[PDB]
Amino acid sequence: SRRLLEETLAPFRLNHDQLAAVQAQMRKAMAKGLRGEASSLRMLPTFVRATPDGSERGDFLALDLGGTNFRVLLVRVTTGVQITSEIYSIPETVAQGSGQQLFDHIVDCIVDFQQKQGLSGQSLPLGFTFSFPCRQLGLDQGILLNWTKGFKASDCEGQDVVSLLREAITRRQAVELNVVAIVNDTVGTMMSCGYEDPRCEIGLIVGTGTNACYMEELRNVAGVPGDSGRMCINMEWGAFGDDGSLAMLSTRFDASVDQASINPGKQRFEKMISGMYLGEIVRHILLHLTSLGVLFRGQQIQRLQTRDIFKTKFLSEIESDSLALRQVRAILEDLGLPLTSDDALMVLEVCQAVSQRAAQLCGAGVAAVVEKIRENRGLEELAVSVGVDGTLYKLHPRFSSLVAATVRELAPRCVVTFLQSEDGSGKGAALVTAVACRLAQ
């Protein structure tokens, strides 16, 4: 009875050696990607060559697309930083619709925002936080390689997103685009937390999707020219193991989720960690358990067939230690999954199991990065801060802690501090754009 439950959850409980191997293999994927060999990490240059270098003034507009929230932002950088913002809705219809409609909508929001802020005629430098993989050969350009997460907008892949915006601006007849800067949310976060922490050289995202960036030494980035200095690299680690190198880890439940997704075979490592997917990993487990007769006494809970019932907000609430079992059951009776205690206990165990692996994997990841940076600089010890954002990370009872613990376990010679971004990527984006303006003048 409970024997089957543990047998089933066994693969989600990774021992030290297993986790070390994950770190080992990411470390290898990083090496290869940078030398231009075949890696599942794209290791994309971002052309951000320094964390916030002292004073960098300017008033910037800022887009933030690809997260749970799409937001337009005004960012005023002087002695201090002042941000105004407004969220707008992007339904799956628009997100997976036509590129034309997508950016038409984006522009409409900018006009709306601008009109509400009195910006109006003034065409400001835009800091575009665009949380997807781009091939950049400069701050002011970024060719979308692939959509990820919940996006599938047509006629966009292979397009420079700065162009995609121009074409929309001209169509919606908005104010002419000025200096635009493309930044990944990881890079945006890193730079935001970097504003008031010089040792911040890594951006980590664990929300809808997961990814990381970090300051690599320029000599090691074979794709780009130059030797002196360093440059931030967007690892795009969500797609880690897309080459099938993480077959060792994939459970049957991971498989079921992947095949059932918009992008089968893609972003495999992400599908074992981030908020968009964890809830589903659980659901399949529960389905398997019910069919084994363990859960629900075999009885068919059709509601369990419904996709995306276990959301981050829920996964974070279910595991709160301040909940009594009656309250856990209440929550599930409130999602249309009434449970008996025993069932409720197994469900809660399943969540812990999944979210644990999620935190641990991410930990092994951060471990590889911090080690890479340390070894890159020939150091025996490293003090480094990680600018981190994401609702899962930010809300989940144990995730952040379990990561920090894993980073100690696996990268002891490094002293890693985690900074939670209080102001989002818009702040960092603006700082990057400041350089992009200097780079034009």
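In this text, residue numbers run from 1 along the sequence as written.
Stretches 34-42 and 55-63 differ in mean CA B factor, with 55-63 having the higher one. When the mean C-alpha temperature factors of 312-320 and 172-180 are read from the deposited coordinates, 172-180 comes out higher.
When the C-alpha B factors of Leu278, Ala212, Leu292, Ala239 are read from the deposited coordinates, the top value falls at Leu292. Remark: of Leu348, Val81, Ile205, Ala367, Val81 shows the highest value [criterion: C-alpha B-factor in the PDB entry].
When the modelled residues of the chain are ordered by C-alpha B-factor, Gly363 sits in the lowest third. Annotation for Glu333: CA B-factor lies in the highest third of the chain's modelled residues. When the modelled residues of the chain are ordered by C-alpha B-factor, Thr417 sits in the middle third.
When all modelled residues of the chain are sorted by CA temperature factor, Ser98 is found within the highest third.
In the PDB entry, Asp389 places in the lowest third of its chain by CA B-factor.
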